[PDB]
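A short worksheet on the structure shown next.
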There are 2 protein chains.
Amino acid sequence: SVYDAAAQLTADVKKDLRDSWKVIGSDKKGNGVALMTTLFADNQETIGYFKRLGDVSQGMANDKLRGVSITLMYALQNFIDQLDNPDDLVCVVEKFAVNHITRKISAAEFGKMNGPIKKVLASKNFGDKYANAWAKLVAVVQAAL
Amino acid sequence: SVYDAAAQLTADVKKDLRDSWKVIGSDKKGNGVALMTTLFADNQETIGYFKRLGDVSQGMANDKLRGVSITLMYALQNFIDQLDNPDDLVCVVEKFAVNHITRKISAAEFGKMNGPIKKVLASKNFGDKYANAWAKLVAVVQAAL
Ligand code: HEM
Ligand code: HEM
C-alpha cells in the first residue's frame, strides 16, 4: 500500500533525496527537459502517451514539452518539501497518481522514469546511492497507481 | 492573447507578486487550504467541480482537499519563478489552463479565486496594491481559458 511505501523513506534516504535535489532542482527547466528527452530516447514506446505535445524531438524548442518538463520538476519539489510529514506526502502523491491513472499509466510504465533520473543524477556526480534513494520515492507513487 | 496578458505584468507588478509570495508561499499547506476553503465559503456553487474531494467541510482534515491545496500552491510557485521569462511563463500557464479547460472551467469561473486571494493576502496585511497585482497574474491564466 502507499502507506507502507512511504514508511520506506528512512532518515538516510530522505537526506540523500534532499542533498541531490539541492543540485538537481537548481535548474528545473534544463534538468526537467533533460529528464523528458531521455525518457523518450530510452523508451520510445512512451511517446504515444504524449501525442498532445507534438514533435517531442524538438526538445527545448517545443513549448508544450517545455511546459510539462518545468511543471514536472515542481512536482518533485513538492514531494521533497513533504518529506517531513508522511501524511502530507501521501495525500500529495495520491493526487498525482490520480492524474496518471486517468491517462491509463500503470505503475510499471511510471517506473520508467527511474532510468532518466539515474542518468541526470550521474551527469551531476551523484551515483547509484542516490539513484536508489530516488527509486524509493518513485515507488511511493507506484504504490498508488 | 496569453502573451498580451503577460504584458500587463510590469516591473512593479512582478515586484509586488514576489514580495507578497515570500510570505504567502512560506506556508503552502496553511495558505493553500485557506484559499480553497474560502472559495467554497464565498462561492458555494464552485463545490460542484470538486465532487471527487468528498467532504470538503472537513477542510484541512480532508486528505484529498489538503492534497489539492498544497499542489495548487506549487502552481503559483511555478508562475512566480517564471515571471522574468515571458516565454516560460506562457508555456507553463497554457499547461495549467489545459487541465482546467478539460474540466470545463471558464475564465469567469476561474476569476472567483480572486476573492479568496484578496482575503488571504489581507490576513497577512497585504492590501489592495498586492491584491491588484495578483488579479493581473490570474488574468494571464484567464486569457488562456
Ligand atoms: C516520477 C515521474 C513522474 C512525475 C513526477 C510526473 C509528473 C507529471 C506532472 C506534474 C504532470 C503535469 C500535470 C498534469 O497534467 O497532471 C504530468 C503529466 C503527464 N505525465 Fe507524468 N510524471 C512522471 C512520470 C510519467 C511517466 C513515466 C509517464 C508515462 C510513461 C507519464 C505520463 C504523463 C502524461 C501522459 C502526462 C500528460 C502530458 C500533457 O499532455 O500535458 N508521466 N506528469
Ligand atoms: C489561482 C487559481 C487556481 C490555481 C493556480 C489552480 C491550480 C490547480 C492545480 C495545480 C490543480 C492540480 C493539478 C490538476 O489536477 O490539474 C488544480 C486542480 C483543479 N482545479 Fe484548480 N486552480 C485554480 C483555480 C480553480 C478554480 C477557481 C476552479 C473552479 C471553480 C478550479 C477547479 C479545479 C478542479 C475541479 C481541479 C481538480 C481537483 C481534483 O479533483 O483533484 N481551479 N487546480
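Letters A, B, ... mirror the listed sequences (proteins, then strands); counts begin at 1. Side chains included, hydrogens not; waters and symmetry mates left out as well; all remaining heavy atoms used.
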What are the two closest non-hydrogen atoms of B:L65 and B:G59, and how far apart are they?
-> CD2-O, 3.4 Å

Tell me, do B:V13 and B:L17 make a side-chain contact under 4.5 Å, heavy atoms counted?
-> yes

Report the C-alpha separation of A:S57 and A:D55 in whole Å, then their side-chain angles, then the decisive distance to 0.1 Å, and conclude whether the side-chain hydrogen bond (donor to acceptor under 3.5 Å, both in side chains) test is met.
-> CA-CA 5 Å; A:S57 65; A:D55 187 4; 2.6 Å; yes

Can you find a heavy atom in the side chain of B:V92 that is under 4.5 Å from one in the side chain of A:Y74?
-> no

For B:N132 and B:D128, indicate whether the former's side chain and the latter's backbone hold a donor-acceptor pair under 3.5 Å.
-> yes

Quick one: sort the A:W21 and A:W134 rings into parallel, tilted or perpendicular, breaks at 30° and 60°.
-> tilted

All heavy atoms of B:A143 vs all of B:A5, minimum pair found to be CB-CB, 3.6 Å

In sequence, state the C-alpha distance, the side-chain angles, and the governing distance for B:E109 and B:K104, and then conclude on salt bridge (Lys or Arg N to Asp or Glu O under 4.0 Å).
-> CA-CA 9 Å; B:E109 202 71 61; B:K104 289 154 293 184; over 6 Å; no

Is A:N62 reaching over with its side chain to a backbone N or O of A:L53, donor-acceptor style, under 3.5 angstrom?
-> yes

State plainly whether the residues A:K129 and A:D12 are in salt-bridge range, i.e. N to O under 4.0 Å.
-> no

Any luck finding a side-chain donor-acceptor pair between A:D4 and A:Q8 under 3.5 Å?
-> no

What salt bridge (charged side-chain N to carboxylate O under 4.0 Å, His left out) pairs are there with at least one residue in residues 27-41 of chain A, not counting sequence neighbours?
-> A:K29-B:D88

Pairwise side-chain contact, B:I24 with B:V120, heavy-atom cut-off 4.5 Å (strictly under) | yes

A:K112 atom NZ: more than 12 heavy-atom contacts under 6.0 Å | yes

Who are the salt bridge (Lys or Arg N to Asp or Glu O under 4.0 Å) partners of B:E94, not counting sequence neighbours?
-> none

Is it the case that more than 12 heavy atoms not belonging to A:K124 sit under 6.0 Å from its NZ atom?
-> yes

Donor-acceptor contact below 3.5 Å, side chain A:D16 vs main chain A:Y130 = no

Does the A:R66 side chain pair with the main chain of B:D87, one donor and one acceptor, at a distance under 3.5 Å?
-> yes

Counting only heavy atoms not in B:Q44, do more than 12 sit closer than 6.0 Å to its CD atom?
-> no

